[PDB]
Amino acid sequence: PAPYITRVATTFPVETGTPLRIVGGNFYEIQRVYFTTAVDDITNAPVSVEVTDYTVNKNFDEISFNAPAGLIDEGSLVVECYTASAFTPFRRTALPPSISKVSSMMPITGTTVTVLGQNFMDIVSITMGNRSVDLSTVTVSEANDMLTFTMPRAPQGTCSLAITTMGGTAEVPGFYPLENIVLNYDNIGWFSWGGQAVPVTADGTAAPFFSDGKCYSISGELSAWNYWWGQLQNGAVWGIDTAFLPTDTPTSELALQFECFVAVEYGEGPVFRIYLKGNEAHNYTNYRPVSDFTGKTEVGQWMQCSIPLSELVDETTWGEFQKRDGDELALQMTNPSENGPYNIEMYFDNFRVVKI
């Protein structure tokens, strides 16, 4: 079998004498280890800085050495064996971290948050406003491109999520947009009526296990050919502070976003419709709650779900929608299909209107 390199373990910046460990496999009959200025293709790559003193572990999958003097700033690190060669990108200094995706912009305290990005090595802190994450709850993938943590006590309002490493800081603005909440079953909005609907406040012992105060459940047995079953018919508070959502914002740039916990997986058939301010003519139909993060239903975990506001409202600006008569936020579950019966158990909270 041919050698390969999975990763290189080292502390930054890499100075003369800094220990490195090449992690991979099949390091049999090593003939040379060297840094090269060549990238992408190492055919006839120069031996820019050779490593003459190194050790290999018992399973031939880890090579240890101290950085030679005169180390290149960037290029490739190469292990040349009898069979073939393996190489990996190398640079002496850390790049700043970056964040590409977050599992939710409003994670519930106590739940697990997932972040995708790059260069998560040597984490110093994870912060959100005036809150800081307990680093004992953090797990980082081996490729330093994914991490999880436990959401701490909630921030006081819209802030930046920030991951700080020894290499720098990555920031996500617009995090925890409490000012944009239109219905939370606590201080904002109210439940009006609905079949199969009951309020729930979690305490750790039963689904949804954690909750932001009161949430509402839709649950029960949903038969086949059921055209009227579960509803959450709610009064929402649409008067978001203009400092957090300008009046002239295009509705094409906004989403209705909420948290959803699906406790029991269900098959094809059951669907939700959503409509606002009684405008059934512009309802969004055939909806299955799926995570913005994964694109799929994540059974047993709170998900963030977004629906474009332009799929729900006739108005072209946020202010014009605010001026429309009424206040309702409605969700209705049916099963217009031959399939079933299905046991349903789902929870909803923290409806907000936010920019996409």
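Start at 1 with the first residue shown and count on from there.
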Problem set entry | Average Cα temperature factor in the PDB entry - higher stretch of 155-163, 82-90 | 82-90
For this session: Could you check the entry and say whether 216-224 or 134-142 has the higher mean CA B-factor?
Result: 134-142
Seminar exercise, completed: For 36, 57, 294, 304, the deposited C-alpha B-factor is largest at 57
Problem set entry | Out of 313, 45, 331, 63, highest CA B-factor residue | 45
Exercise. Residue 7: which third of its chain by C-alpha temperature factor?
Worked result: highest
Exercise. Lowest, middle or highest third of the chain for the C-alpha temperature factor of residue 150?
Worked result: middle
Problem set entry | residue 98 - which third its CA temperature factor falls in, relative to the rest of the chain | middle
Seminar exercise, completed: In terms of its chain's C-alpha B-factors, the third that includes residue 125 is the middle
Problem set entry | residue 53 CA temperature factor, ranked by third within the chain | middle
